[PDB]
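J.: Shown below is the structure under consideration.
Protein chains: 2
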Amino acid sequence: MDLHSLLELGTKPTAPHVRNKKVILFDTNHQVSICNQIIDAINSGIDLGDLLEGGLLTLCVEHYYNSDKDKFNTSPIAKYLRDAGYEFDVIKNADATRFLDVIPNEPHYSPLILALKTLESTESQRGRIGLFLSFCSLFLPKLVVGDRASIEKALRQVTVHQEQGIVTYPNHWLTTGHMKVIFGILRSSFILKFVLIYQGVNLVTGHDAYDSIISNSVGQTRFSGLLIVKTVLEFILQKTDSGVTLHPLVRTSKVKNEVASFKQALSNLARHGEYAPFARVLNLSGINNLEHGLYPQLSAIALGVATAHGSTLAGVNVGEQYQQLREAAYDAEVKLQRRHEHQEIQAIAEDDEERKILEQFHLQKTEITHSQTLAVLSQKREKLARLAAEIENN
Amino acid sequence: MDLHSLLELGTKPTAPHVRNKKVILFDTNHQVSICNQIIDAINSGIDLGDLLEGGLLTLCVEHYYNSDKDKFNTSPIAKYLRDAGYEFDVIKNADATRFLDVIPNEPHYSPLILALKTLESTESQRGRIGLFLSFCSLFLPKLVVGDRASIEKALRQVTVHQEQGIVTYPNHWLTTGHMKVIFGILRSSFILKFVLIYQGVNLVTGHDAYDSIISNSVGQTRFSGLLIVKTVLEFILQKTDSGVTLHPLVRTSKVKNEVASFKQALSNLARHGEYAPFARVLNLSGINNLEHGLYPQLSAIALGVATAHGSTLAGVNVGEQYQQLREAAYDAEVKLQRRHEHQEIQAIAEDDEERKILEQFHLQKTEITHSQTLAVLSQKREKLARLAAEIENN
RNA sequence: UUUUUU
RNA sequence: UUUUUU
RNA sequence: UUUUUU
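First to last, the protein sequences are chains A and A'. A prime marks a further copy of an entry chain. The first sequence begins at 1 in PDB author numbering and counts up by one. The second sequence begins at 1 in PDB author numbering and counts up by one.
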């Protein structure tokens with residue numbers, strides 16, 4: 001009897017799940033105009049409550065699969081969503097021409113029926129759907145950080161993609177109320193985030209403007225709320241050709257339960273295949289075992305070692321109960337790393353003139369990264385002070 | 001269990017993709033006049049929105065394959081676009097004589113139907129189509145740099161090809177509004193850029209004026225947004241006959257994760273075969289793994305070493321967070337390279353008179369490249385100051 | 001709960 | 001995001 | 001892009 005196996009119980013799911021959901025699909029002869037009516041109903045602020053996930057699935061099936069519902073069901077999006085517990089009931093209506101005529105006759109859709117009579121539609125192309133999905137992909141990196149972080153990252157990606165000349169969005173899409181409602185409809189829908197992630201990752205070759213925007217934004221969403229995974233696996237568990245060895249600041253007996261617990265949490269997380277970098281955004285099952293408050297010493301030490309290697313990770317906020325250990329591991333790794341690079345410069349040169357040139361280069365390089373780290377720290381302090389002045393103002 | 005394989009997940013596409021697109025093809029008895037009507041509809045500023053990609057495919061099939069649609073489907077352009085996820089639905093209309101009569105009866109094409117009634121057509125030859133495609137190939141090098149860089153490179157290629165006597169373009173094609181709209185229609189279309197790249201690379205022998213312009217402009221587009229690939233693979237990972245060895249400025253332990261990560265990104269990029277130099281323009285799948293912000297030390301060091309070897313790479317702009325490391329690696333490589341050429345001049349001579357002549361030659365050659373590098377730096381500084389004075393003026 | 005850069 | 005030359 | 005002579 002192993003009594004210590006009781007501390008790992010109640011984490012892993014045991015079976016594939018018998019929970020079944022129901023999202024509707026619209027089968028219409030006028031699918032492009034139906035889809036554009038869903039776009040301008042969402043953009044107008046109409047809370048289209050239980051029909052949101054089915055309407056967003058009709059936009060994504062219409063854009064990616066020409067709304068045929070036959071090669072959609074063969075496709076691995078639907079195989080994944082069928083194993084996740086979704087069921088597609090197809091609301092077939094061949095003579096429908098408006099969004100009101102396809103909503104089923106239930107009593108609780110009556111605020112939506114009253115809301116959509118006053119909704120005016122401007123006639124628009126098929127490409128407004130792909131414009132909407134490429135705009136919705138811009139909220140995907142820094143989605144789990146908040147709404148202000150998502151809206152600022154998405155505004156920065158709008159100006160980056162408009163200097164490229166790839167896209168241009170309308171000016172009433174870029175107001176802060178509308179970017180609040182698009183953050184709201186993206187954070188809650190699993191199917192919208194998953195099919196933006198799937199068509200971002202798995203499209204190889206023929207990219208239009210929208211496919212390239214979605215593929216660029218899914219590429220910046222990799223390990224989004226999982227900075228602890230990236231800092232521990234790069235800087236704490238170094239891999240050699242001989243094998244994985246620990247770091248000197250984690251190689252004691254106070255830390256070793258967190259290290260052995262973190263390796264079990266990572267081996268749980270890698271059951272998800274190619275969606276393990278997107279685990280915090282898609283809210284997968286191993287997500288509770290990788291928080292900062294489960295590893296209070298491993299996380300602050302790993303961020304201090306990571307900040308000592310790179311300039312930009314001195315902008316990462318932590319809680320007040322992790323700051324001083326982060327600052328201490330930063331100082332210790334600065335001293336250890338200057339000892340190591342002095343030994344390596346003495347190892348790889350050939351003359352005294354060669355080691356004089358390489359010594360002058362690596363001391364100038366270290367002074368460059370230290371001055372950049374202090375610049376990032378000063379603008380982080382001013383950003384926190386400006387946010388606190390806005391919170392005091394509001 | 002290799003836990004470090006989780007950091008490479010979510011990058012490579014797993015399957016050939018089940019996303020299918022629909023571009024139309026026009027099958028008409030009067031294909032030359034239909035194609036010239038698409039040329040003067042595009043040149044007039046008519047936003048021919050969803051029919052743009054099919055109209056450009058009809059121009060390219062009419063120019064390259066005589067619009068027969070039977071040897072087009074055997075040809076490897078269509079095999080590549082069929083594996084990319086395109087489907088060609090052929091709008092057969094044997095008695096059509098205008099561009100209005102072949103547009104399908106949909107409600108969202110009605111601004112285009114109203115736009116094309118007022119469009120006047122001048123009757124023109126088959127060679128205005130090849131004139132349009134050779135003009136569209138001139139935006140292909142420096143396409144990913146911007147619109148002003150594309151329009152200035154394309155104006156320079158117009159004057160180069162008119163001193164040759166190969167071509168002459170009409171004077172209303174060379175205004176900046178029209179070159180803005182041809183940059184706009186080339187940046188977004190995958191099929192136009194791909195078939196200009198395919199017929200530029202794979203045409204061996206019988207070139208007319210337009211084929212030679214397209215082949216010259218596709219030859220200058222090789223590694224267009226991939227300067228990091230060219231500078232690292234030339235100057236940082238030197239190949240000997242014995243094998244690949246690193247550079248002394250990247251041979252430490254702070255750099256080795258970026259070097260081993262860059263070799264994985266290059267081995268991803270070389271899955272695309274002969275279209276791997278054109279990966280940033282065609283937006284292929286390995287493109288996110290080769291940015292400057294993923295390798296902040298390898299890229300600035302590699303550009304400094306490259307600038308020390310050649311005069312013209314002192315015109316490359318970088319961000320402000322990479323400039324000083326570029327300047328430092330430039331200084332270190334200047335000192336290391338003068339030590340190496342002094343040793344090689346002592347190795348390859350036979351007398352003292354021979355080494356006196358070779359010493360005087362190589363010191364004059366180094367002074368020539370240093371004065372050229374300072375000239376490039378001064379005109380770069382004045383170009384940036386003039387662009388900032390125009391941005392302040394506008 | 002997450003916080004940087006890209 | 002990309003930035004030079006050809 | 002090419003630049004001479006024959």
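Backbone N, C-alpha and C fix where the C-beta goes; we use that ideal spot for every residue, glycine too.
#1: Taking 9 Å as the threshold (beta carbon to beta carbon), is A/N288 in contact with chain A'?
#2: Check A/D89 in the structure and name its three-state DSSP category.
#3: For A/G315 versus A/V376, is the C-beta spacing smaller than 9 Å?
#4: Indicate whether A/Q199 and A/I214 have their beta-carbon atoms separated by less than 9 Å.
#5: If we ignore side chains and look at the alpha-carbon of each, how far apart do A/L303 and A/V181 end up?
#6: What do you reckon, are the CB atoms on A'/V18 and A/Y210 nearer than 9 Å?
#7: Are A/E274 and A/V229 closer than 9 Å when you measure CB to CB?
#8: Does the stretch 103-115 of chain A' come within contact of the stretch 43-54 of chain A', defined as at least 3 CB pairs closer than 8 Å?
#9: Report the residues of the stretch 199-218 of chain A with a CB closer than 9 Å to any CB of chain A', ordered along the chain.
#10: Please say whether A'/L282 and A'/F262 have beta carbons closer to each other than 9 Å?
#11: Counting only C-beta atoms, is A'/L384 closer than 9 Å to chain A at any point?
#12: Looking at chain A', which residues of the stretch 60-90 of chain A have a Cβ within less than 8 Å of any of its Cβ atoms?
#13: According to DSSP, is A'/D50 helix, strand or coil?
#14: Select from A'/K383, A'/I357, A'/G310 and A'/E382 the residue whose C-alpha is nearest the C-alpha of residue 398 of chain A'.
#15: Counting only runs that start and end within the stretch 295-320 of chain A, where is the alpha helix (DSSP H) found for 4 or more residues in a row?
#16: Checking the sheet assignment: what are the DSSP bridge partners for A'/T369?
#17: Quick check on A'/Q324 - is its C-beta less than 9 Å from some C-beta in chain A?
#18: Fully enclosed by the stretch 224-307 of chain A', which beta strand (DSSP E) runs are 3 residues long or longer?
#19: Which residue wins for smallest C-alpha separation from A'/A279, given the options A'/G293, A'/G225 and A'/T176?
#20: Leaving aside the five residues before and after A'/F235 along the sequence, list all residues of the same chain whose C-beta is less than 8 Å from its C-beta, in chain order.
#21: Give me the Cα-Cα distance between A/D352 and A'/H342, rounded to the nearest whole angstrom.
#22: What are the partner residues of A'/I24, as DSSP defines its beta bridges?
#23: Closer than 8 Å by C-beta to A/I191: which residues in its own chain qualify, once you throw out the five before and the five after it? Chain order, please.
#24: Can A/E333 and A/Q297 be called in contact, C-beta distance under 9 Å?
#25: Classify A'/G293: buried if its beta carbon has 16 or more other beta carbons within 10 angstroms, exposed otherwise.
#26: Suppose the cutoff is 6 Å on Cβ atoms and the five residues either side in sequence are ignored; what does the same chain contact list for A'/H272 look like?
#27: Is the stretch 23-39 of chain A touching the stretch 123-131 of chain A in the sense that three or more CB pairs, one from each, lie closer than 8 Å?
#28: Of all the CB atoms in chain A, is at least one closer than 9 Å to the CB of A'/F183?
#29: Rounded to whole angstroms, what is the Cα-Cα separation between A'/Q346 and A'/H362?
#30: Can you grab the Cα-Cα spacing for the pair A/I197 / A/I185, in whole Å?
#31: Quick one, which of A'/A276, A'/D27 and A'/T118 has its alpha-carbon nearest A'/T97's?
#32: A/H30 to A/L100, Cα distance in whole Å?
#33: Is A/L233 close to chain A', meaning its C-beta is less than 9 Å from at least one C-beta of that chain?
#34: Hey, how far is the Cα of A/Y295 from the Cα of A'/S267?
#35: Rounding to the nearest angstrom, what Cα-Cα distance links A'/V160 and A'/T168 in this structure?
T.: So, from the data block:
#1: no
#2: strand
#3: yes
#4: yes
#5: 34 Å
#6: no
#7: no
#8: yes
#9: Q199, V201, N202, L203, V204, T205, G206, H207, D208, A209, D211, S212, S215, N216 and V218
#10: no
#11: no
#12: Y64, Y65, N66, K71, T74, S75 and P76
#13: coil
#14: Absent from the model: residue 398 of chain A'. The displayed extent of chain A' is 1 to 394, so no value can be given.
#15: 298-309
#16: The partner list for A'/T369 (beta bridge, DSSP) is empty, contrary to what the question assumes.
#17: yes
#18: none
#19: A'/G225
#20: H247, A302, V305, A306 and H309
#21: 16 Å
#22: A'/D89
#23: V23, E53, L56, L57, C60, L81 and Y86
#24: no
#25: exposed
#26: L284
#27: yes
#28: yes
#29: 12 Å
#30: 16 Å
#31: A'/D27
#32: 13 Å
#33: yes
#34: 36 Å
#35: 11 Å
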